[PDB]
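Next up: a single chain in structure tokens, the form deposited in one PDB entry.
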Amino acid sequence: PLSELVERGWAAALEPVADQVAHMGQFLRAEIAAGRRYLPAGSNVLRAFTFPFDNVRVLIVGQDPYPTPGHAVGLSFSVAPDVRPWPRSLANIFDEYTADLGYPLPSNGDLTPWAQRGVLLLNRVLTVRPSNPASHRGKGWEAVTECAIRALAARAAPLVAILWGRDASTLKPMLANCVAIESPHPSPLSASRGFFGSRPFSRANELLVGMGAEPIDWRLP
């Protein structure tokens, strides 16, 4: 069960939806039986919950996994290190990264280092049918990720939420102390209509330091 699939803190945090998680496994099996595919790979579906629950300091919320085969890797916005070119959303994220932090363009699109350092890259929906954007909305994931977000918000610990999935009036209630939400809520495809210059990374660190936490080393190889 959950203790097998996710890190100990997450298993405890996600206990209230352990049965919903089992049901999602049954759903994915029935998709394959029914002849439909799903992304990401089954081993990557719960990957965001394989980094320590207690060590999360930043939450980045997306909506659905990349629908293009070989893109989704179970961390919102991330791609495998050999994926080129980057998806539009990630290229936009990396434009803001270089603009906000003054670092050079990353070598590749792998956000694993952010996950290691306590950035939770969480999609609201953890699977998708290939080539069918947002095809697994309403299939049961929302309850699971809602439980994750409410658990995160309940900890003593500091948390900064970045909302890159334009569902702020659903998500902001789950999150509202020791939680700062970055507003407004432009998404990476908003581009020059609010996303560029939003300085999400520097502002996360100002807010963390202001709550007595260490900043994130955002630096990618």
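Here the rigid core means the biggest group of C-alpha atoms that line up within 1.5 Å when the two forms are laid on top of each other. Residue positions are given as counts along the sequence shown, with the first one as 1.
The same protein also has a form deposited in another entry, omitted here; what follows describes it.
Peer 1: Looking at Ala157, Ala168, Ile32, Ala41, which has a Cα shift of 2 angstroms or more between this form and the one not shown when the rigid core is held fixed?
Peer 2: By this measure, the answer is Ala168.
Peer 1: Comparing between this form and the one not shown on the rigid core: C-alpha of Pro67 shifted by 2 Å or more?
Peer 2: False for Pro67: its C-alpha shift is below 2 Å.
Peer 1: After superposing the rigid core, is the C-alpha displacement of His185 2 Å or more between this form and the one not shown?
Peer 2: Passes the 2 Å threshold, so yes.
Peer 1: Flagged pair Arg84/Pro186: C-alpha distance shifts by 3 angstroms or more in that other deposited form. Which direction, closer or farther?
Peer 2: Between the C-alphas of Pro186 and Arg84, the gap narrows in that other deposited form (3 Å or more compared with this form).
Peer 1: In that other deposited form, do the Cα atoms of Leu163 and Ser169 sit closer or farther apart than here, given a shift of 3 Å or more?
Peer 2: Note: Cα gap between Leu163 and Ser169 shrinks in that other deposited form.
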